[PDB]
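Structure data follow from input33.txt (compact mmCIF, C-alpha atoms):
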# COMPACT_ATOMS: atom_id res chain seq x y z
CA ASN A 1 -1.93 -45.31 51.39
CA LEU A 2 -3.52 -44.39 48.08
CA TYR A 3 -0.33 -42.98 46.62
CA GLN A 4 1.69 -46.12 47.45
CA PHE A 5 -0.96 -48.25 45.82
CA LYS A 6 -0.72 -46.17 42.67
CA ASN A 7 3.01 -46.76 42.79
CA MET A 8 2.71 -50.53 43.03
CA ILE A 9 0.56 -50.59 39.89
CA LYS A 10 3.33 -48.59 38.26
CA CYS A 11 5.83 -51.27 39.34
CA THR A 12 3.90 -54.13 37.84
CA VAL A 13 2.07 -52.34 34.96
CA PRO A 14 4.50 -49.53 33.94
CA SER A 15 2.91 -49.39 30.50
CA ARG A 16 -0.37 -48.19 31.92
CA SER A 17 -1.55 -45.08 33.64
CA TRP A 18 -3.07 -45.38 37.16
CA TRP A 19 -6.06 -43.54 35.78
CA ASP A 20 -6.89 -46.50 33.58
CA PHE A 21 -7.63 -48.62 36.60
CA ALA A 22 -9.61 -45.85 38.35
CA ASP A 23 -12.93 -46.22 36.49
CA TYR A 24 -12.95 -49.72 35.07
CA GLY A 25 -15.77 -52.20 35.24
CA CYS A 26 -18.01 -52.36 38.23
CA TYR A 27 -15.34 -52.54 41.01
CA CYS A 28 -12.27 -50.64 39.81
CA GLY A 29 -12.29 -47.24 41.44
CA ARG A 30 -15.90 -47.01 42.47
CA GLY A 31 -17.99 -50.18 42.73
CA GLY A 32 -19.05 -52.66 45.34
CA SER A 33 -22.11 -53.98 43.34
CA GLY A 34 -22.66 -56.04 40.18
CA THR A 35 -20.62 -59.03 38.98
CA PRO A 36 -17.05 -58.54 37.81
CA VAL A 37 -17.35 -57.83 34.11
CA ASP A 38 -13.97 -59.45 33.49
CA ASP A 39 -10.76 -60.73 35.10
CA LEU A 40 -9.36 -57.28 35.89
CA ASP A 41 -12.73 -56.23 37.32
CA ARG A 42 -12.50 -59.29 39.55
CA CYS A 43 -9.05 -58.17 40.81
CA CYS A 44 -10.67 -54.97 41.92
CA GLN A 45 -13.46 -56.98 43.55
CA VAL A 46 -10.98 -59.06 45.52
CA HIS A 47 -8.95 -55.95 46.60
CA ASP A 48 -12.27 -54.43 47.80
CA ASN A 49 -13.02 -57.47 49.95
CA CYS A 50 -9.46 -57.33 51.20
CA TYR A 51 -9.75 -53.77 52.33
CA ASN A 52 -12.95 -54.73 54.11
CA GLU A 53 -11.20 -57.21 56.31
CA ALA A 54 -8.31 -54.85 57.04
CA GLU A 55 -10.88 -52.40 58.31
CA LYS A 56 -11.87 -54.88 60.99
CA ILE A 57 -8.62 -53.82 62.69
CA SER A 58 -9.31 -50.85 65.02
CA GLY A 59 -8.05 -47.61 63.57
CA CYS A 60 -7.29 -49.15 60.16
CA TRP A 61 -8.26 -46.85 57.29
CA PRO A 62 -6.77 -48.43 54.15
CA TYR A 63 -6.43 -45.42 51.89
CA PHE A 64 -4.80 -43.30 54.60
CA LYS A 65 -2.44 -45.92 56.10
CA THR A 66 1.14 -45.51 54.98
CA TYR A 67 3.06 -48.76 54.90
CA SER A 68 6.64 -49.89 54.19
CA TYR A 69 7.35 -51.78 50.99
CA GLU A 70 9.73 -51.81 48.01
CA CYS A 71 9.35 -52.21 44.29
CA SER A 72 12.46 -53.77 42.87
CA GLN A 73 12.12 -54.04 39.11
CA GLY A 74 8.65 -55.51 38.71
CA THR A 75 8.86 -57.13 42.12
CA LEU A 76 6.84 -56.05 45.13
CA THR A 77 7.67 -56.75 48.75
CA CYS A 78 5.97 -55.54 51.94
CA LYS A 79 8.39 -55.04 54.71
CA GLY A 80 8.32 -56.41 58.24
CA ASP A 81 8.46 -52.96 59.80
CA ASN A 82 4.69 -52.51 59.52
CA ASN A 83 2.06 -52.70 62.30
CA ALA A 84 -1.09 -54.88 61.84
CA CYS A 85 -2.97 -52.35 59.78
CA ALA A 86 0.03 -51.37 57.64
CA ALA A 87 0.90 -55.08 57.10
CA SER A 88 -2.63 -56.07 56.02
CA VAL A 89 -3.08 -53.12 53.71
CA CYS A 90 0.26 -53.52 51.97
CA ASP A 91 -0.60 -57.13 51.24
CA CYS A 92 -3.95 -56.23 49.71
CA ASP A 93 -2.28 -53.66 47.51
CA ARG A 94 0.65 -55.91 46.65
CA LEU A 95 -1.68 -58.69 45.56
CA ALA A 96 -3.88 -56.31 43.50
CA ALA A 97 -0.91 -54.96 41.55
CA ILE A 98 0.22 -58.50 40.68
CA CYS A 99 -3.36 -59.38 39.67
CA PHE A 100 -3.66 -56.26 37.48
CA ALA A 101 -0.41 -57.39 35.72
CA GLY A 102 -1.71 -60.75 34.49
CA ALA A 103 -5.27 -59.63 33.73
CA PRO A 104 -5.94 -58.29 30.25
CA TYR A 105 -7.27 -54.73 29.96
CA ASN A 106 -10.43 -54.27 27.88
CA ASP A 107 -11.00 -50.69 26.73
CA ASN A 108 -14.75 -51.13 26.37
CA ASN A 109 -15.00 -51.96 30.06
CA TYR A 110 -13.51 -48.57 30.84
CA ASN A 111 -15.86 -45.84 32.10
CA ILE A 112 -19.00 -47.96 31.64
CA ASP A 113 -22.66 -47.39 32.42
CA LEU A 114 -22.85 -48.60 36.00
CA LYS A 115 -26.63 -48.72 36.16
CA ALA A 116 -26.92 -50.60 32.85
CA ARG A 117 -24.04 -53.05 33.52
CA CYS A 118 -23.85 -53.51 37.31
CA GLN A 119 -26.34 -55.19 39.68
CA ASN B 1 -13.38 -39.27 58.54
CA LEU B 2 -14.62 -40.86 55.30
CA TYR B 3 -14.30 -44.40 56.62
CA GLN B 4 -16.27 -43.65 59.78
CA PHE B 5 -19.07 -42.04 57.70
CA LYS B 6 -19.21 -45.23 55.56
CA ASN B 7 -19.55 -47.22 58.78
CA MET B 8 -22.42 -45.08 60.05
CA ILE B 9 -24.48 -45.76 56.92
CA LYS B 10 -23.70 -49.42 57.51
CA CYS B 11 -25.12 -49.03 61.02
CA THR B 12 -28.41 -47.58 59.84
CA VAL B 13 -28.73 -49.10 56.34
CA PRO B 14 -27.01 -52.48 56.71
CA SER B 15 -28.94 -53.79 53.74
CA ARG B 16 -27.18 -51.43 51.37
CA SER B 17 -23.70 -50.96 50.04
CA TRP B 18 -21.98 -47.65 50.77
CA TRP B 19 -21.31 -47.49 47.03
CA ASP B 20 -25.04 -47.11 46.46
CA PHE B 21 -25.01 -43.68 48.02
CA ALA B 22 -21.72 -42.67 46.35
CA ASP B 23 -23.25 -41.63 42.98
CA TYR B 24 -26.87 -40.94 43.57
CA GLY B 25 -28.79 -37.96 42.39
CA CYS B 26 -27.14 -34.58 42.10
CA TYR B 27 -25.64 -34.40 45.57
CA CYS B 28 -24.78 -37.86 46.80
CA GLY B 29 -21.09 -38.33 46.24
CA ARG B 30 -20.38 -35.57 43.79
CA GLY B 31 -22.77 -32.70 43.57
CA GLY B 32 -23.31 -29.28 44.98
CA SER B 33 -25.60 -28.09 42.09
CA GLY B 34 -29.15 -28.82 40.79
CA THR B 35 -32.21 -29.40 43.04
CA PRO B 36 -32.48 -32.61 45.06
CA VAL B 37 -34.13 -35.11 42.70
CA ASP B 38 -35.63 -36.87 45.69
CA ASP B 39 -35.67 -37.27 49.47
CA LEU B 40 -32.34 -39.19 49.66
CA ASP B 41 -30.74 -36.66 47.28
CA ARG B 42 -31.91 -33.98 49.74
CA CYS B 43 -30.17 -35.79 52.63
CA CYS B 44 -26.97 -35.56 50.69
CA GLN B 45 -27.56 -31.89 50.01
CA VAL B 46 -28.09 -31.21 53.71
CA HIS B 47 -24.94 -33.21 54.65
CA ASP B 48 -23.02 -31.08 52.19
CA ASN B 49 -24.27 -27.82 53.68
CA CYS B 50 -23.37 -29.27 57.07
CA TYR B 51 -19.82 -29.97 56.00
CA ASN B 52 -19.54 -26.41 54.70
CA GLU B 53 -20.33 -25.06 58.16
CA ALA B 54 -17.85 -27.43 59.79
CA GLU B 55 -15.13 -26.10 57.50
CA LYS B 56 -15.61 -22.64 58.97
CA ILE B 57 -13.64 -23.96 61.95
CA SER B 58 -9.91 -23.42 61.37
CA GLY B 59 -8.13 -26.60 60.37
CA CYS B 60 -11.35 -28.58 59.97
CA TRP B 61 -11.27 -30.89 56.95
CA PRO B 62 -14.37 -33.08 57.24
CA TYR B 63 -13.27 -36.14 55.28
CA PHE B 64 -9.94 -36.38 57.05
CA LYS B 65 -11.12 -35.66 60.58
CA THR B 66 -11.28 -38.75 62.78
CA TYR B 67 -13.93 -38.53 65.49
CA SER B 68 -15.22 -40.64 68.35
CA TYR B 69 -18.64 -42.30 68.10
CA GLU B 70 -20.37 -45.64 68.52
CA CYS B 71 -22.92 -47.61 66.58
CA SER B 72 -24.90 -49.80 68.89
CA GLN B 73 -27.39 -51.83 66.96
CA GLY B 74 -28.85 -49.28 64.52
CA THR B 75 -28.13 -46.52 67.03
CA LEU B 76 -25.55 -43.81 66.46
CA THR B 77 -23.90 -41.62 69.12
CA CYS B 78 -21.15 -39.07 68.87
CA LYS B 79 -19.01 -39.03 71.96
CA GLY B 80 -17.99 -36.11 74.11
CA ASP B 81 -14.30 -36.82 73.64
CA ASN B 82 -14.19 -34.82 70.43
CA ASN B 83 -12.74 -31.31 69.79
CA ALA B 84 -14.92 -28.78 67.89
CA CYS B 85 -14.06 -30.06 64.46
CA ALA B 86 -14.51 -33.69 65.40
CA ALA B 87 -17.75 -32.89 67.22
CA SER B 88 -19.28 -30.98 64.32
CA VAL B 89 -18.31 -33.50 61.66
CA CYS B 90 -19.64 -36.50 63.63
CA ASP B 91 -22.94 -34.71 64.00
CA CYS B 92 -23.16 -34.11 60.25
CA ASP B 93 -22.43 -37.78 59.55
CA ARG B 94 -24.69 -39.15 62.28
CA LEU B 95 -27.59 -37.07 60.94
CA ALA B 96 -26.95 -38.15 57.33
CA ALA B 97 -26.99 -41.80 58.28
CA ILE B 98 -30.35 -41.48 60.00
CA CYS B 99 -31.61 -39.50 57.00
CA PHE B 100 -30.48 -42.18 54.60
CA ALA B 101 -32.37 -44.72 56.74
CA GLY B 102 -35.80 -43.15 56.35
CA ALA B 103 -35.41 -41.99 52.76
CA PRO B 104 -36.52 -44.35 49.97
CA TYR B 105 -33.82 -45.45 47.48
CA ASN B 106 -34.73 -45.03 43.82
CA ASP B 107 -32.60 -47.07 41.37
CA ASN B 108 -33.12 -44.74 38.43
CA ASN B 109 -31.66 -41.85 40.35
CA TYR B 110 -28.46 -43.80 40.61
CA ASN B 111 -25.54 -42.84 38.40
CA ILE B 112 -27.64 -40.25 36.47
CA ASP B 113 -26.77 -37.76 33.77
CA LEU B 114 -25.62 -34.77 35.79
CA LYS B 115 -25.71 -32.32 32.91
CA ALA B 116 -29.20 -33.35 31.86
CA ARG B 117 -30.65 -33.60 35.36
CA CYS B 118 -28.81 -31.08 37.51
CA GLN B 119 -28.78 -27.29 37.30
CA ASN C 1 -4.27 -30.75 50.84
CA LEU C 2 -7.46 -31.37 48.84
CA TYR C 3 -9.53 -28.95 50.98
CA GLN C 4 -7.02 -26.15 50.63
CA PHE C 5 -7.01 -26.59 46.85
CA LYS C 6 -10.80 -26.33 46.85
CA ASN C 7 -10.45 -23.09 48.78
CA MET C 8 -7.96 -21.65 46.29
CA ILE C 9 -10.38 -22.09 43.39
CA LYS C 10 -12.95 -20.36 45.61
CA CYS C 11 -10.51 -17.45 45.96
CA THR C 12 -10.02 -17.02 42.24
CA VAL C 13 -13.37 -18.32 40.86
CA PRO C 14 -15.85 -17.42 43.63
CA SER C 15 -18.67 -17.54 41.17
CA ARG C 16 -18.20 -21.26 40.61
CA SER C 17 -18.69 -24.40 42.66
CA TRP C 18 -15.64 -26.58 43.20
CA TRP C 19 -17.80 -29.43 41.94
CA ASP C 20 -17.83 -27.81 38.52
CA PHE C 21 -14.14 -28.50 38.07
CA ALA C 22 -14.40 -32.01 39.58
CA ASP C 23 -15.58 -33.79 36.43
CA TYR C 24 -14.62 -31.61 33.54
CA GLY C 25 -12.98 -32.72 30.33
CA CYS C 26 -10.44 -35.51 30.32
CA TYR C 27 -8.21 -34.33 33.15
CA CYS C 28 -10.29 -32.33 35.61
CA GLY C 29 -11.02 -34.62 38.51
CA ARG C 30 -10.28 -37.96 37.00
CA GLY C 31 -8.14 -38.15 33.89
CA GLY C 32 -4.56 -38.61 32.90
CA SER C 33 -5.32 -39.67 29.29
CA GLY C 34 -6.62 -38.08 26.07
CA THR C 35 -5.81 -34.57 24.90
CA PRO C 36 -7.12 -31.50 26.76
CA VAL C 37 -10.50 -30.81 25.18
CA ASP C 38 -10.11 -27.14 25.99
CA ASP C 39 -8.11 -24.49 27.85
CA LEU C 40 -9.51 -25.39 31.30
CA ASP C 41 -8.94 -29.10 30.56
CA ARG C 42 -5.34 -28.18 29.87
CA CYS C 43 -5.07 -26.44 33.28
CA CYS C 44 -6.04 -29.67 34.87
CA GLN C 45 -3.54 -31.54 32.75
CA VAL C 46 -0.73 -29.21 33.81
CA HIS C 47 -1.75 -29.48 37.51
CA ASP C 48 -1.61 -33.24 37.14
CA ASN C 49 1.91 -33.18 35.70
CA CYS C 50 2.83 -30.77 38.53
CA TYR C 51 1.58 -33.19 41.16
CA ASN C 52 3.62 -35.97 39.53
CA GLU C 53 6.82 -33.98 40.00
CA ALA C 54 5.95 -33.17 43.61
CA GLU C 55 5.62 -36.90 44.27
CA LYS C 56 9.24 -37.33 43.37
CA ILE C 57 9.99 -35.95 46.83
CA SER C 58 10.04 -38.78 49.40
CA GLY C 59 6.91 -38.87 51.52
CA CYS C 60 5.10 -36.25 49.40
CA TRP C 61 1.45 -37.14 48.87
CA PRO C 62 -0.15 -34.08 47.25
CA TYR C 63 -3.78 -34.53 48.32
CA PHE C 64 -2.91 -35.19 51.93
CA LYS C 65 -0.17 -32.57 52.36
CA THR C 66 -1.28 -29.54 54.35
CA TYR C 67 0.54 -26.33 53.43
CA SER C 68 0.54 -22.71 54.47
CA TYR C 69 -0.91 -20.05 52.15
CA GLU C 70 -3.29 -17.12 52.12
CA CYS C 71 -6.02 -15.87 49.85
CA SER C 72 -6.29 -12.17 50.07
CA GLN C 73 -9.09 -10.93 47.89
CA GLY C 74 -8.56 -12.96 44.73
CA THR C 75 -4.85 -13.11 45.45
CA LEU C 76 -3.01 -16.33 46.32
CA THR C 77 0.28 -16.62 48.14
CA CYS C 78 2.18 -19.65 49.33
CA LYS C 79 4.07 -18.99 52.50
CA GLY C 80 7.67 -19.63 53.33
CA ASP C 81 6.84 -21.76 56.34
CA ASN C 82 6.43 -24.86 54.18
CA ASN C 83 8.81 -27.80 53.81
CA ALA C 84 9.77 -28.99 50.28
CA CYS C 85 6.66 -31.09 49.80
CA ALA C 86 4.29 -28.43 51.16
CA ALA C 87 6.04 -25.74 49.12
CA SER C 88 5.84 -27.66 45.86
CA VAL C 89 2.22 -28.68 46.29
CA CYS C 90 1.06 -25.18 47.24
CA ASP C 91 2.72 -23.90 44.06
CA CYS C 92 0.89 -26.44 41.90
CA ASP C 93 -2.41 -25.55 43.52
CA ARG C 94 -1.84 -21.79 43.41
CA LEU C 95 -1.03 -21.97 39.69
CA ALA C 96 -4.07 -24.15 38.94
CA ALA C 97 -6.42 -21.70 40.64
CA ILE C 98 -5.05 -18.81 38.58
CA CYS C 99 -5.30 -20.94 35.44
CA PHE C 100 -8.91 -21.83 36.18
CA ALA C 101 -9.67 -18.09 36.58
CA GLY C 102 -8.60 -17.10 33.06
CA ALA C 103 -9.85 -20.20 31.27
CA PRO C 104 -13.44 -20.19 29.91
CA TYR C 105 -15.82 -22.82 31.32
CA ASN C 106 -17.71 -24.86 28.71
CA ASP C 107 -20.83 -26.67 29.99
CA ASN C 108 -20.75 -29.40 27.37
CA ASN C 109 -17.29 -30.46 28.44
CA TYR C 110 -18.70 -31.18 31.86
CA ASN C 111 -19.29 -34.80 32.84
CA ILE C 112 -18.38 -36.11 29.34
CA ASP C 113 -18.04 -39.57 27.88
CA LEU C 114 -14.42 -40.40 28.70
CA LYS C 115 -14.21 -43.39 26.42
CA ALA C 116 -15.72 -41.54 23.47
CA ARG C 117 -13.80 -38.35 24.01
CA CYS C 118 -10.46 -39.27 25.66
CA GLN C 119 -7.62 -41.34 24.19

Take the structure in this file and express it as structure tokens.
Amino acid sequence: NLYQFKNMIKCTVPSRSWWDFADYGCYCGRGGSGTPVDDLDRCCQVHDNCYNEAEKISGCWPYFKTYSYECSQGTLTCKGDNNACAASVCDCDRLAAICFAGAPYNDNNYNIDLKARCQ
Amino acid sequence: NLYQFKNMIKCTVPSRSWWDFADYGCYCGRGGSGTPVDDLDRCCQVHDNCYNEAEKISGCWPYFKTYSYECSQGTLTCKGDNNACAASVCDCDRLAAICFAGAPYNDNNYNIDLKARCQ
Amino acid sequence: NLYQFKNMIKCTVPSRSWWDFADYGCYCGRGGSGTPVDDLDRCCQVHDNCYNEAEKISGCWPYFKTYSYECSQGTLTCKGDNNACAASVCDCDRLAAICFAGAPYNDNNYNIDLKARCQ
């Protein structure tokens, strides 16, 4: 679910606040249109597409689905004790947190003019 | 629930991204104040007033309530197998999707200055 | 849960729309960074820090957690029939509603430029 996602980002990017990734570029937080403005914005794009596919599973609502995982000092792991929906969602989240960790964060791409910068 | 509403707009307005209607005018997405800037903004205002009514039912939280419906090729239907809350929310959503479908989408009314344009 | 919080602000600040507090300052709605621009923005900051603490309880997701409370003519009360998570979240919400009620609402701090105004 949304809270567990927030907690994965904390695992991999402890230095940053979850709020920083909530309104970044064209895909982080909101977004589904434009072109990723940068690497991090692309991570968000990819996570978006990932959630899309998980939704193709009946009764799978990504932000509401609680899954089983563990953060062990910068390391994320989704557990086996998850159903199809929980398993797919945890992997999307897990991969987005890792992506956020190796993508540089540009301040100027934070809280941008969607209309002006996103197709 | 929120995911099912997103999927209704997909049913009727396949050509557009659900994110397009997430920050449009004064009422789409956010909003509850101003005067609809256009037809589509009005749809959103009506949906909002519809949700308000649905909340008058004890324990009815519109964005969380999962209902039963079906999209069959541009055609929406709310099923009978819904309790009062589910039934009322599906109706609000189903009507907003159809509204969105016959209301023109103006780019400039996307991601506008709320303060400047909404009372 | 999120709906119940909305209804608490209605109890204490009937005159205002819940949407007014949804994008105010640096912490109302979004936010977790900057410095409260004003009293109300501080309320939101405190609520935020309150939610953080409540999350320290296993399985406690503040916006999803339904609690038991009552608004009795501008008066909020959290009931005893709440588990630890419900009890802690209701308290955060109840205190935010009261805070909102005694904090002045400045129009210009509504829907501001986060980048420009929030560190």

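Within 10 Å of the file-frame point (-23.1, -49.6, 59.8), and using all atoms listed in the file, the polymer residues found are residues 4, 5, 6, 7, 8, 9, 10, 11, 12, 13, 14, 15, 16, 17, 18, 70, 71, 72, 73, 74, 75, 76 and 97 of chain B.
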
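The coordinates place atom CA of residue C:111 at 15.6 Å from atom CA of residue C:35.
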
Counting only C-alpha atoms, which residues of chain C fall within 9 Å of chain A, and what is the closest atom pair for each with its distance in Å at one decimal, ordered by chain and rising number, as JSON lines?
{"residue": "C:30", "atom": "CA", "partner": "A:19", "partner_atom": "CA", "distance": 7.1}
{"residue": "C:31", "atom": "CA", "partner": "A:19", "partner_atom": "CA", "distance": 6.1}
{"residue": "C:32", "atom": "CA", "partner": "A:19", "partner_atom": "CA", "distance": 5.9}
{"residue": "C:33", "atom": "CA", "partner": "A:19", "partner_atom": "CA", "distance": 7.6}
{"residue": "C:55", "atom": "CA", "partner": "A:3", "partner_atom": "CA", "distance": 8.8}
{"residue": "C:61", "atom": "CA", "partner": "A:3", "partner_atom": "CA", "distance": 6.5}
{"residue": "C:62", "atom": "CA", "partner": "A:3", "partner_atom": "CA", "distance": 8.9}
{"residue": "C:64", "atom": "CA", "partner": "A:64", "partner_atom": "CA", "distance": 8.7}
{"residue": "C:113", "atom": "CA", "partner": "A:111", "partner_atom": "CA", "distance": 7.9}
{"residue": "C:114", "atom": "CA", "partner": "A:111", "partner_atom": "CA", "distance": 6.6}
{"residue": "C:115", "atom": "CA", "partner": "A:111", "partner_atom": "CA", "distance": 6.4}

File dump, residues just selected, C-alpha atoms, as an mmCIF file, in the coordinates of the input:
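Once written, again.cif looks like this:
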data_model
loop_
_atom_site.group_PDB
_atom_site.id
_atom_site.type_symbol
_atom_site.label_atom_id
_atom_site.label_comp_id
_atom_site.auth_asym_id
_atom_site.auth_seq_id
_atom_site.Cartn_x
_atom_site.Cartn_y
_atom_site.Cartn_z
ATOM 1 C CA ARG C 30 -10.280 -37.960 37.000
ATOM 2 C CA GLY C 31 -8.140 -38.150 33.890
ATOM 3 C CA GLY C 32 -4.560 -38.610 32.900
ATOM 4 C CA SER C 33 -5.320 -39.670 29.290
ATOM 5 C CA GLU C 55 5.620 -36.900 44.270
ATOM 6 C CA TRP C 61 1.450 -37.140 48.870
ATOM 7 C CA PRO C 62 -0.150 -34.080 47.250
ATOM 8 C CA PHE C 64 -2.910 -35.190 51.930
ATOM 9 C CA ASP C 113 -18.040 -39.570 27.880
ATOM 10 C CA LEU C 114 -14.420 -40.400 28.700
ATOM 11 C CA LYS C 115 -14.210 -43.390 26.420
#

With 6 Å added on each side, what axis-aligned box encloses every listed atom of stretch 15-18 of chain B? Give the centre and edge lengths in Å to one decimal, as lines of an AutoDock Vina configuration file.
center_x = -25.5
center_y = -50.7
center_z = 51.9
size_x = 19.0
size_y = 18.1
size_z = 15.7

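Of note, atom CA of residue A:86 and atom CA of residue B:86 are spaced 24.2 Å apart.
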
List as a ChimeraX atom specification the protein and nucleic acid residues near residue B:48, meaning an atom at most 9 Å away when all atoms listed in the file are counted, but skip any in the same chain fewer than 2 places from it. /B:27-28,31-32,43-46,50-53,92

Nearest candidate to residue C:96 (options C:118, C:47, C:63, C:24; using all atoms listed in the file):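 Of all the options, C:47 lies closest to residue C:96.
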
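Rounded to one decimal, atom CA of residue B:93 and atom CA of residue B:80 lie 15.3 Å from each other.
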